[PDB]
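Asker: Shown below is the structure under consideration.
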Amino acid sequence: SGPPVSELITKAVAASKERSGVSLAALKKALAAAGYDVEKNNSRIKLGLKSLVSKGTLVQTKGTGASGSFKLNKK
Amino acid sequence: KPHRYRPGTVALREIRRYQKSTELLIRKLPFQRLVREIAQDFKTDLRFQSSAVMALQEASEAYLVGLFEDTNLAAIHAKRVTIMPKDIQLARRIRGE
Amino acid sequence: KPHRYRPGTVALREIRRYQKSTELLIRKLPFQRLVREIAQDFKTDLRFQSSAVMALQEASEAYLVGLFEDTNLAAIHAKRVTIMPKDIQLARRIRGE
Amino acid sequence: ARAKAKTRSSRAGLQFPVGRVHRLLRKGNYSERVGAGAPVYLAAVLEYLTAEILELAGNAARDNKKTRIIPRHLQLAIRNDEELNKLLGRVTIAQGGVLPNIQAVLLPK
Amino acid sequence: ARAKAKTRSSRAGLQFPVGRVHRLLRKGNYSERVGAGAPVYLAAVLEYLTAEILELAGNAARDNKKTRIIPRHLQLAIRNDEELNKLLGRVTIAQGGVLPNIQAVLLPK
Amino acid sequence: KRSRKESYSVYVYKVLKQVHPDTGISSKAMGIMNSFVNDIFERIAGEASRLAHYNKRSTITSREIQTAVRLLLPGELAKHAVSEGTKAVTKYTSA
Amino acid sequence: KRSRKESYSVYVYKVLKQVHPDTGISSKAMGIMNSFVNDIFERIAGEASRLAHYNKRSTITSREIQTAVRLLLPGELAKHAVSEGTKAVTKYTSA
Amino acid sequence: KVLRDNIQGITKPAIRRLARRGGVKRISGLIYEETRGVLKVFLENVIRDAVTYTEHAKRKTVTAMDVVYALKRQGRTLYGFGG
Amino acid sequence: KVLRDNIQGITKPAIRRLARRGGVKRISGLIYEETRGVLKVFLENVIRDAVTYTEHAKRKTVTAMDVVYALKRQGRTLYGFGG
DNA sequence: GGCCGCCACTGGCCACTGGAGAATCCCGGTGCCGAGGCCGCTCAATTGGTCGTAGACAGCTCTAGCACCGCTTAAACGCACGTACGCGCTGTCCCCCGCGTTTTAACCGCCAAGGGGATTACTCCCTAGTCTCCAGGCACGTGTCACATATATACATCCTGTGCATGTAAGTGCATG
DNA sequence: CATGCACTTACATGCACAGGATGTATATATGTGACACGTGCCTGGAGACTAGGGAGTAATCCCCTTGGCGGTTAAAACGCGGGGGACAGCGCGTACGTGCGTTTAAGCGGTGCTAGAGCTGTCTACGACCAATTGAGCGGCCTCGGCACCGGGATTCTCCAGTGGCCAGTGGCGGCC
């Protein structure tokens, strides 16, 4: 079981802290390295990242929706 | 609730049907009209054997169909399932036309 | 730093050169060796006019070069600049090879 | 004092007319002289080819449980042989239809 | 005692050999008789085609400042004419090269 | 009545009964086989004429017919056509 | 001792000097022209032969050649060739 | 006497039928007029030759045998109408 | 005498040269062997034809006339070799 | 006492599945019209001989290819470092087939009419063929200048450092809480 | 005193421009062989003349093609809609591009040989030509049974509604600080 994928996405984006936001591909590779069945849960990842965007805790840099780059808010 | 098939299912059944079929798909007399219309552009008031019209219909449908398999190959080669006129232009340019 | 062209610039210059040039793009002696290699498989002790081998040459680059413009048309159709062997396969099959 | 007029197709054990094909070659203007065995060889080659295409046609008609051969069966036979299709790729049969062929990407999941 | 020799090419007023083309058509086995005007007409057609393609090759050579016709000049002359290209879409030329031609997407920016 | 028009109905019917005594034939398919045999015949005649011209041969004989059928027919079709024609040539040679 | 071989050299060179008196030629380009003029010669000749067969005529006339030109040569070259060949035939008729 | 618009007689559903015979699953809306133009080109290319044959045959009636001659001229030989 | 893999005698940079004459910008690494097989098929077909001409000619040596006859048999006519 | 982390309750979402509906395949049945078999005709395959020649071989020749060898760089290979390009993913918007309805003209099918395809006859224009004679084009030899090659400038153009237009964020003086 | 804010000011990013470097053009010098041009010849093409025969032309007729008229419905067209697909954006990892160093092997000159292409004489096998003849194959007829169309049931496919599992949102409580 464990925690839901939202917290895992938060450590996935917080692992790098590049100038550009993390891609969908890079966070998928990060969840693959940390361990997740990403092949079964692409829609789960998309809804989790979009939900985190809607809270304003994450801000999308260049892409729209689930594409492009994703970086943390100001605080 | 009135049934509605999901898109392309009827199209695939059409593909199976008309691959199974052998008959001409063109309306015969409009084809004759167009053949005579092109004919008078070369020589007016000519007569036609109906066999000549049927032969032109067969050859025309065959050339068109082979063009469409080439177009289908180009479209799937472009990783698409919808054919485009640019696909046809590509196919004709490959064929040397 | 030393001089270094960006990718494609040398490719453009050599494209302009070889389109401008007419000279053979195959080393002649291994080509002749391959011709004798293939021909021995069909009949033994075959001898060649050098002119015959040369005509076999310009036929070879003719067929190959035309195949690559077909491939390039497929690639620009496929929104790419890098050709892949399935593009050549598409060109052959649409030509009917 | 003539002997019985025997036929050259029977002399070669063949079905196709040796005399008619020889006449066609003499009047088709391919050379002014024709070697005697050449139309025999040609008729044998044609008989062989017709034998295989008719055999495949009868096989296809039997596959479609049909007792009388069909131009559809001719198309299905001529296209499903690799060497025959390579022989006759540019040639179309009237009312032949097409091969049943759907690309895998066209097929649904 | 005999009329002086006068060529049939001059009788047409043409340069291409009427007698040579006549002999080639007779020995080329296309019909057992041939009309008198047919080889004259044929030689006239070939002379016209040769003259026009030689004009085009001359323009191609003059554009590249060369006095003599080159197979590159022939390739450029034929491939840049859509009429002659459709005449010769399946014809290859020794040491001819191709048209200088690039796709626009292959160009930078 | 009218003038006689040449056809290949009887020979193809005999060959059909050689390969399939049981089955029938449609007349439009018969026209197809006539077109087929005429097309192949004129092809082979053309390359025979060309090859006889290349060797400057006034007489068309069986050897370049063999050459032409090996040239056009792909692979095992060509080899078995050579075999059948060679057999028939030997039998007619033996009258 | 050598056997004489046929070429189109004198005719192509003279028509070149007619169309361009100042223009030379390379010899392998002349070989290409030899192949071209020969190739079109058998194209028109084969068309004339089969057209003579189709109307069952054993004599190929200028009408057959002109028909073959309209077949193989497309568009403007066909009609220009027809006009010049008609002029040549008319001049031969006066000859 | 004259004819002005019969190229539109090759209707869109007929082209759809041909495409389903061609194995095309999905057809754009821009296809049909371009196929009409392509068909027009092919038909005029064969029928100009057919008119040439028929006039060279001194006939005013178009025969199918000339259509066979024209089609086999352009490398598109058809079986089922020879003779 | 006996030759083994002269198909690789067509070097990869020669294939790049042929592609640049065709105006090809970028070439995959998978291309060269596949094109070697394709040209192998092409050469074996035309040399089968040219050979068949040659033993019919009762000659041991291939002539260029046989080659150009083979190419015009395939609708790939080449000019400039005495045809 | 408050706040956060963890455990539990709960609703939403995704896939699995069964069943209904519809298109299709399969099964006789039956009238009907091409298939095929018979029959009468005719023309062309045969049969036989002859004459003239087409090509196969003997022999001979010279020539082009085949191999060897020996230098001699050009490029092929190979490695390395970097960008840019296939390509994978997703968001989004719109395009086109499914389906139902309306119209419409295509098609059967029927009938009139006449036109030219085709067939037969007739007579003749041409042309294939033969012999004579002769000049045209090709082999042969030669010479000579258009072009190949080399080399030195001259510009084009492409990459790159960098100089200016624009976004950003922080420091701090000042007004005021 | 303190503190936040706003204004000012330094920092950073991207676009634009000058400048170098190298590749390509381009201008001048030099040989050379390839193209072009005079020459002998013989051989292929023109000249004269004929036979006859394929082809042009007249006549006809009938069959095929065109023209037209009514019914009916399949066929096309039109509209709604709603899902699936095209496609743009974005990024990423990699796989060729480019560049530099090496090996080698491609290439050129020169030697030598002989299979082998190819020419020439013979002459003989073979095939075209020609007269009779017939029987095989083609035109026409007629019957039938295979099969196209029709009608009925089973089957299969599909699509969507019902259902359970899976996951995340939410609440509540204990424990520690």
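Every residue, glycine as well, gets a Cβ built from its backbone with ideal geometry; the counts of neighbours run over all protein chains shown. Just so you know, all these numbers are worked out from the coordinates, no wet-lab data involved.
Asker: Below 14 angstrom from the Cβ of C:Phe48, what's the summed charge of the other residues (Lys, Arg +1; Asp, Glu -1)?
Answerer: Net local charge, C:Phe48 excluded: +4.
Asker: Turning to a different aspect of this structure: Report the charge-dipole magnitude of the protein assembly as shown in Debye, nearest 20, computed about the Cα centre from +1 at each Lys and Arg Cβ and -1 at each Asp and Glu Cβ.
Answerer: About 580 debye.
Asker: Still on this model: Which whole-Hz couplings ³J(HN,Hα) result when phi for each residue of the range C:11-27 is put into the Karplus expression 6.51 cos²θ - 1.76 cosθ + 1.60, θ = phi - 60°, listed in order with x for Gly and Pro?
Answerer: Running phi through 6.51 cos²θ - 1.76 cosθ + 1.60 with θ = phi - 60° gives 5, 4, 5, 6, 5, 5, 5, 6, 5, 6, 7, 10, 6, 5, 9, 10, 4 Hz.
Asker: Run the numbers on chain A and let me know its relative contact order in percent, using alpha-carbon pairs under 8 Å that are six or more apart.
Answerer: Result for chain A is 36 percent.
Asker: State, to one decimal in nm, how far the label point of D:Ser10 lies from the label point of G:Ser3, with both points 7 Å from Cα in the Cβ direction.
Answerer: That separation, rounded to one decimal, is 4.6 nm.
Asker: Another one. Consider the operator that turns chain H into chain I: which H residue has a Cβ nearest its axis, and what is that gap in Å?
Answerer: So the closest residue, with its distance, comes out as H:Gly75, 4.
Asker: While we're on this one: Quick one: with label points 7 Å out along Cα→Cβ, list the inter-copy distances for F:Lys14 in nm, shortest first?
Answerer: Taking the point 7 Å beyond Cα along Cα→Cβ, the inter-copy spacings are 5.8 nm.
Asker: Something else now. For chain E, what is the calculated [θ] at 222 nm in deg cm²/dmol (nearest 500), taking -39500 (n - 2.57) for each run of four or more DSSP H residues and dividing by its residue count?
Answerer: Roughly -15500 deg cm²/dmol at 222 nm, from the helical runs in chain E.
Asker: Here is a further query. Could you tell me which residue out of E:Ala43, E:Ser31, E:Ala3 lies farthest along the dipole of the range E:1-48 toward its positive end? Charges go on the beta carbon: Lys and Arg +1, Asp and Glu -1, centred on the Cα centre.
Answerer: E:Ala3
Asker: Give the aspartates and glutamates reachable from A:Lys75 as a straight Cα distance under 19 Å; neighbours fewer than 8 places away on the same chain don't count.
Answerer: Leaving aside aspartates and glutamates fewer than 8 places away in the same chain, those within reach of A:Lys75 are A:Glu7, A:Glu18.
Asker: Please list, in chain and number order, the residues 5+ apart from E:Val34 or on another chain whose amide H is under 5 Å from its amide H, with Hs placed from the backbone.
Answerer: The list, which skips near neighbours in sequence, is G:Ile60.
Asker: Oh, and also: Residue by residue through the range B:58-75, which ³J(HN,Hα) values in whole Hz follow from phi under the Karplus form 6.51 cos²θ - 1.76 cosθ + 1.60 (θ = phi - 60°), with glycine and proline marked x?
Answerer: 4, 5, 5, 5, 5, 4, 4, 5, x, 4, 6, 5, 5, 5, 5, 4, 5, 5
Asker: Which pairs in the list H:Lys40/H:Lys60; A:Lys29/C:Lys86; D:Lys27/F:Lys5; A:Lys40/C:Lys79; F:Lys56/G:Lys14; E:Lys86/H:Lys25 are over 24 Å apart, alpha-carbon to alpha-carbon?
Answerer: Where the Cα-Cα span goes over 24 Å, the pairs concerned are A:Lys29/C:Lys86; A:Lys40/C:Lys79; F:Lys56/G:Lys14; E:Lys86/H:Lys25.
Asker: In square nanometres, what is one fourth of the surface area of the convex hull spanned by the alpha carbons of the range E:10-96?
Answerer: Numbers: hull surface 29.3 nm².
It is 7.3 nm².
Asker: Along the axis that rotates chain G into chain F, which residue of chain G has the nearest beta-carbon, and what is the gap in whole Å?
Answerer: Smallest Cβ distance to the axis, with its residue: G:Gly46, 4.
Asker: List the relative contact order of chain C as a percent without decimals, with contacts defined as Cα pairs under 8 Å and 6+ residues apart.
Answerer: Computed value for chain C: 17 percent relative contact order.
Asker: Hey, what's the Cα Rg ratio for chain I versus the globular rule of thumb, 2.2 N^0.38 Å? Each step should come with its number before you reach the end.
Answerer: On the way: Rg = 15.5 Å, N = 83, 2.2 N^0.38 = 11.8 Å.
The value comes to 1.31.
Asker: Quickly estimate the mean residue ellipticity at 222 nm for chain C, helices only: each DSSP H run with n ≥ 4 gives -39500 (n - 2.57), and the total goes over all residues, rounded to 500.
Answerer: Working: 4 runs with 64 residues, N = 97.
Counting only the DSSP helices, I get -22000 deg cm²/dmol.
Asker: Can you give the average number of partner chain beta-carbon atoms within 10 Å of each beta-carbon in peptide D:102-109, as a whole number?
Answerer: The mean count of partner-chain Cβ atoms within 10 Å per residue comes to 5.
Asker: Given charges of +1 on the Cβ of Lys and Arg and -1 on the Cβ of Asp and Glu, with all other atoms neutral, how large is the dipole of chain A about its Cα centre, in debye to the nearest 20?
Answerer: 300
Asker: Non-local amide H neighbours of I:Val62 (under 5 Å, H modeled in plane, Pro and chain starts lacking H): which ones?
Answerer: C:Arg47, C:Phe48, C:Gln49
Asker: Please compute the net charge surrounding H:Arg17, taking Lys and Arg as +1 and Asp and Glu as -1 over other residues with Cβ under 12 Å from its Cβ.
Answerer: Taking every other residue near H:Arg17 into account, the sum is +3.
Asker: How many angstrom lie between the C-alpha centres of the range A:26-54 and the range F:19-66?
Answerer: 68
Asker: Let me ask you something else. Counting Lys and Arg as +1 and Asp and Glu as -1, what is the net charge of the other residues whose Cβ lies under 15 Å from the Cβ of F:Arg57? Please list the in-between numbers first.
Answerer: Numbers: positive: D:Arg33, E:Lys27, F:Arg50, F:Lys56, F:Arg63, I:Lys58, I:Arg59; negative: D:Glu32, F:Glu47, F:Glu64.
Value of the local net charge: +4.
Asker: While we're on this one: Equivalent ellipsoid semi-axes for the protein assembly as shown, as square roots of 5 times the alpha carbon gyration tensor eigenvalues: give them largest first, rounded to whole Å.
Answerer: 52, 37, 29
Asker: If you don't mind, there's one more thing I want to ask. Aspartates and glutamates near D:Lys65 by alpha-carbon distance under 14 Å, same-chain residues fewer than 8 away left out - which ones?
Answerer: Those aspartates and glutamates meeting the cut-off are F:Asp22.
Asker: Here's a follow-up. Compute the acute angle (0 to 90°) between the alpha-carbon long axis of helix F:76-93 and the principal axis of greatest extent of the alpha-carbon atoms of chain F; round to the nearest 10°.
Answerer: For F:76-93 against chain F, the angle is about 90 degrees.
Asker: Let me ask you something else. Return one number: the angle in degrees, 0 to 90 and rounded to the nearest 10, between the long axis of the Cα atoms of helix D:37-63 and the longest principal axis of the Cα atoms of chain D.
Answerer: Around 30 degrees separate the two axes.
Asker: Moving on. If you restrict to DSSP beta bridges whose two residues both lie in the protein assembly as shown, what percentage is antiparallel, to the nearest 5?
Answerer: Percentage antiparallel, nearest 5: 20.
Asker: Mind listing P(r) for chain B? All alpha-carbon pairs, 10 Å bins, whole percents.
Answerer: Going out from 0 Å in 10 Å bins, chain B shows 13, 30, 32, 19, 6, 1 percent.
Asker: Taking the Cα centre as origin and putting +1 on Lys and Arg beta-carbons and -1 on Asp and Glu beta-carbons, what dipole magnitude results for the range B:57-97, to the nearest 20 debye?
Answerer: The calculated dipole for the range B:57-97 is roughly 340 debye.
Asker: Any chance you could give the angle, 0 to 90 degrees and rounded to 10, that helix G:62-72 forms with the longest Cα principal axis of chain G?
Answerer: 70
Asker: Further, regarding this structure: Residue by residue through the range E:97-109, what is 3J(HN,Hα) from phi via Karplus (6.51 cos²θ - 1.76 cosθ + 1.60, θ = phi - 60°)? Round to whole Hz and write x for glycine and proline.
Answerer: x, 10, 5, x, 8, 10, 7, 5, 5, 6, 6, x, 6
Asker: Kindly give the distances from I:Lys60 to its copy-mates, label point to label point, with each label point 7 Å from Cα along Cα→Cβ, as nm values to one decimal ordered shortest first.
Answerer: The answer, with the shortest distance listed first, is 6.9 nm.
Asker: While we're on this one: What residue in chain E has the Cβ closest to the axis turning E into D, and how close is it in whole Å?
Answerer: That would be E:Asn29, 3.
Asker: As a test of the formula, what do you get for chain H when each DSSP H run with n ≥ 4 contributes -39,500 (n - 2.57) and the sum is divided by the residue count, at 222 nm and rounded to the nearest 500 deg cm²/dmol?
Answerer: On the way: 3 runs with 46 residues, N = 83.
That comes out to -18000 deg cm²/dmol.
Asker: Please identify the helices of chain H, taking whole runs of DSSP H, that span at least 15 Å along their own axis as judged from the Cα atoms and have a mean Kyte-Doolittle score of -1.0 or higher.
Answerer: H:31-56
Asker: Take every Cα pair under 8 Å in chain F that's 6+ residues apart, average their separations, divide by the length, and report that relative contact order as a whole percent.
Answerer: Relative contact order comes out at 15 percent.
Asker: Once the label point is placed 7 Å from Cα along Cβ, list for C:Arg6 the distances to the corresponding points in the other copies, in nm, shortest first.
Answerer: Label point to label point, same position, other copies: 4.6 nm.
Asker: A further question on this structure: Would you mind checking the range E:35-76 for residues with the amide N under 18 Å from a putative spin-label position 7 Å along Cα→C-beta of C:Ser21?
Answerer: Those under the cut-off are E:71-73.
Asker: Okay, next question. For the range E:1-49 and the range C:5-66, write down the distance between their C-alpha centroids in whole Å.
Answerer: When both Cα centres are located, 41 Å separates them.
Asker: Additional query: Quick query: amide H of F:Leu73 versus all other amide H atoms, modeled in the peptide plane; which residues come in under 5 Å with a sequence gap of 5 or more or a different chain?
Answerer: Those lying under 5 Å, H to H, from F:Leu73: there are none.
Asker: Additional query: Can you put C:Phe42, B:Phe31 in order of Cβ neighbours within 10 angstrom, beginning with the fewest?
Answerer: Numbers: C:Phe42 15, B:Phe31 22.
By the 10 Å Cβ count, ascending: C:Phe42, B:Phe31.
Asker: Please arrange H:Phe81, I:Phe42 by how many other C-beta atoms lie within 10 Å of their C-beta, fewest to most.
Answerer: Result, fewest neighbours first: I:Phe42, H:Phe81.
Asker: I would also like to ask the following. Computed FRET efficiency, Cβ-Cβ of E:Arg33 and G:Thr90, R0 30 Å: what is it to the nearest 0.05? Intermediate values should be presented prior to the final figure.
Answerer: Numbers: r = 22 Å, r/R0 = 0.74.
That gives a FRET efficiency of 0.85.
Asker: For G:54-62, what's the mean count of beta carbons from other chains sitting within 10 Å of each residue's beta carbon?
Answerer: Numbers: counts 7, 4, 0, 3, 6, 7, 10, 8, 10.
What the average comes to for G:54-62 is 6.
Asker: Which order results if D:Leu46, E:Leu88 are arranged by neighbouring Cβ count within 10 Å, fewest first?
Answerer: E:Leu88, D:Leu46
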